[PDB]
Amino acid sequence: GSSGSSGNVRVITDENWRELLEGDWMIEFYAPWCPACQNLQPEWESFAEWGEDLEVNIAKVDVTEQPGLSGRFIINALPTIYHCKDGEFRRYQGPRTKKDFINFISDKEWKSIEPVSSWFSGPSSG
């Protein structure tokens, strides 16, 4: 299952999300109609390069084909990167540059970042 390696960047869907609740996962909400995104497009690709190398998965979400995910996180500003470590989500606070990224991972700088506690998807009480 998913043995082969297809594109360093994984494509998370309204169902794959679950996976994000396992191990480390780097997500980045981008948009095709958004200019800034076009600039990150490359910055992200270059990152995913050493991603798996530093023991960190990298995925990408589409705010045009995935209307659900967009809400599951309530993304208003873009682009926007989210660090998911064993369920613990942490908003990215950097220039979003290949270099920076590395540290954020290797230097686990994420530790010095306040996570988010607004995820209750799954066990619904109704």
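Here's a quick rundown of the structure. (Residues numbered from 1 in each chain as written, not as in the entry; some residues may be left out. Heavy atoms only, no water.)

## Brief notes about the overall build of the protein chain
Piece 1. Counting secondary structure elements, the protein chain contains four helices and six strands.
Piece 2. Along the protein chain, helices (α) and strands (β) appear in the sequence β-α-β-α-β-α-β-β-α-β when read from the amino end.
Piece 3. For 126 residues, the compact-globule estimate of 2.2 N^0.38 gives 14 Å, and the C-alpha radius of gyration of the protein chain, at 14 Å, lies within 12% of that figure.
Piece 4. Structurally, the protein chain occupies a C-alpha span of about 45 × 35 × 30 Å along its principal axes.
Piece 5. Among the 126 residues that make up the protein chain, the fraction classed as buried is 36%.
Piece 6. Long-range pairs, those at least 24 residues apart, make up 70% of the contacts in the protein chain between residues at least 6 apart in sequence. (Helix = DSSP H or I, 4+ residues; strand = E, 2+ residues; numbered from the N terminus. Rg over C-alpha atoms; globule rule 2.2 N^0.38 Å. Buried < 20%, exposed > 50% of the residue type's maximum accessible area, 1.4 Å probe, protein only. Contact = heavy atoms within 4.5 Å.)

## Comments concerning the packing of aromatic side chains
Piece 1. Evaluation of the coordinates by the stated rule reveals 14 aromatic pairs.
Piece 2. Each ring, one from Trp17 and one from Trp119, has its centre 5.8 Å from the other, and the planes form 45 degrees; the classification is tilted. Of this pair, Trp17 sits in helix α1 (residues 17–20) while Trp119 sits in the segment after β6 (115–116), placing them 102 residues apart in sequence.
Piece 3. Since its relative accessible area comes to 25%, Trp119 is described here as partly exposed.
Piece 4. Aromatic pair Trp44 and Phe47: ring centres 4.8 Å apart, planes at 80 degrees, arrangement edge-to-face. Here the residue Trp44 and the residue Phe47 both occupy positions in helix α2 (residues 35–51), the gap between them amounting to three residues, near one helical turn. The burial state of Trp44 is the same as that of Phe47; both residues are buried. (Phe/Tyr/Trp six-rings, centres within 6.5 Å; stacked < 30°, edge-to-face > 60°.)

## Focus on the nonpolar core
Piece 1. Counting 15 residues, the largest nonpolar core has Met26, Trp44, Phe47, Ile58, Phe101 and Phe104 as its most contacted members.
Piece 2. Those elements giving two or more residues to this core turn out to be α2 and α4 (98–106).
Piece 3. The element that contributes the greatest number of residues to this core is α2, accounting for four residues.
Piece 4. If we ignore the near neighbours within four places in the chain, the residues touching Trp44 are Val9, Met26, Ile27, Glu28, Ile58, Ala59, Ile81 and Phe101.
Piece 5. Among the nonpolar cores identified, the runner-up in size contains 14 residues, and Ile12, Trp17, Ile27 and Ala59 belong to it. (Core = buried A, V, L, I, M, F, W, Y, C linked by side-chain atoms within 4.5 Å.)

## Observations regarding α2
Piece 1. With 17 residues, α2 extends 24 Å from end C-alpha to end C-alpha; this agrees with the ideal 24 Å at 1.5 Å per step.
Piece 2. Considering bend angle alone, the principal kink of α2 is centred on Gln41 and spans about 30 degrees; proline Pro42 follows within four residues of it.
Piece 3. Taken residue by residue, α2 has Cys37, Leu40, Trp44, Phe47, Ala48, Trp50 and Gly51 as its buried positions.
Piece 4. The inward-facing, buried residues of α2 abut β1 (9–11), β2 (24–30), β3 (57–62), β4 (80–85) and α4. (Expected span 1.5 Å × (residues − 1). Bend = angle between axes of the 7 residues up to and from the residue.)

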